[PDB]
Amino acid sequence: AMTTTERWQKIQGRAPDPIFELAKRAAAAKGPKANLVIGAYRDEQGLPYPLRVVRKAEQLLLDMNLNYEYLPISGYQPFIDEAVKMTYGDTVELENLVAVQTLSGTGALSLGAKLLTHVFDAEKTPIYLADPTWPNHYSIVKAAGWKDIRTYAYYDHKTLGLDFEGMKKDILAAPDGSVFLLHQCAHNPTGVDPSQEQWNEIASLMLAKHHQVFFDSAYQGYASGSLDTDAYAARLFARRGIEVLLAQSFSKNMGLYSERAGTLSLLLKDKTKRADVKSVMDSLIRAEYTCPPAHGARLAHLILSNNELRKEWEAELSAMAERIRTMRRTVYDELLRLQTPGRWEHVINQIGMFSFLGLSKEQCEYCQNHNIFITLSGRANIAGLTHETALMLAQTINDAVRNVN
């Protein structure tokens, strides 16, 4: 603390991201293995799967010779409009909402959490996250300045299902005018979503308590294989009059992980305030990164907008969702043939890319040590499996259960 060298010498290091680390360990791991850490889709051969429609869009886009001039702060409008239309339906009135392009879902979550501090007192108003949830959610929200982060009950670790009664109690027990970060479909990590009727009950509670709803929509398409089906909760909440804030990602459903394409949108009840909310969002973006990367949004716009590419895309995503169910069925069937102790129906009843297996930290540690790389919380990327490794996963679960529990 006199020369700059001395000043830097005192910088406090930070722990590394456990997920991204484990994925690195898995990727380095030796013989036959299952790298099931990160939620990234793999094909039948277990290899990365750039979508055929994205390969088509690459060539279309290159032939068009668009320029590289700065986007507006808010980003590439053709993409934003199509993207909001994909989640809210061709019905949606673009004029009654505010929406910007973001750095995928993470970017929309960070941006939205910061925005909310201009409307709510982030020193006092709680923000509620699901129990359990993406551990990065807590980090993002905290970094954005939220000082009272809480949990709503969601998953029942005994029944390996939804704890809906606990969720309702926690919504009602929260102070009025709190923020709730909800998973729009394919809850991460549990893979269990409310029913349609349960979503409508949640909406009525959010209304009666004057809560702010923040949807995280990272997996639209993966809960059912159908984009329209999976948009049910967002569309319901819109129809019910909720001022929905929603963070959207194209990393998983279009496979654009590396290009960072997403949106942040707000259904603003008072149209005269749209300009003011846009001006805050734009100042937040301007002071971080000035404007977003164009390539991913340009690619996604072509795929959303063109009727042929859009239908090809939806068929490709439907097939992706179906390979995941086949993998679930393969693991489940093998768990039955080995007569592994316990119930395993949640492997096939859960939806999305993951299975939340319900194993102990020690059983998970066992798995990792036999080259089955699932998280310590028991989360497994089913979309990482091949027929070979789905069988290995079951065999290792069977071993872990019979030998540690």
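Numbers follow the displayed sequence, beginning with 1.
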Problem set entry | Stretch with the higher entry mean CA B-factor, where the candidates are 112-120 and 328-336 | 328-336
Seminar exercise, completed: Comparing 198-206 with 141-149, the higher average Cα temperature factor in the PDB entry belongs to 141-149
For this session: Going by the CA temperature factor in the entry, name the top one among 48, 342, 39, 352.
Result: 342
Exercise. Of 245, 300, 160, 218, which one's C-alpha B factor is largest in the deposited record?
Worked result: 160
For this session: Rank-wise, by C-alpha B-factor, drop residue 169 into the lowest, middle or highest third of its chain.
Result: highest
For this session: Relative to the other modelled residues of the same chain, rank the CA B-factor of residue 57 and answer lowest, middle or highest third.
Result: lowest
Seminar exercise, completed: Of the three thirds of Cα B-factor ranks in this chain, residue 273 occupies the highest
For this session: For residue 89, return the chain-relative third of its C-alpha B-factor as stated in the PDB record: lowest, middle or highest.
Result: highest
Seminar exercise, completed: Tertile call for residue 283 (CA temperature factor, within chain, third-based) is the middle
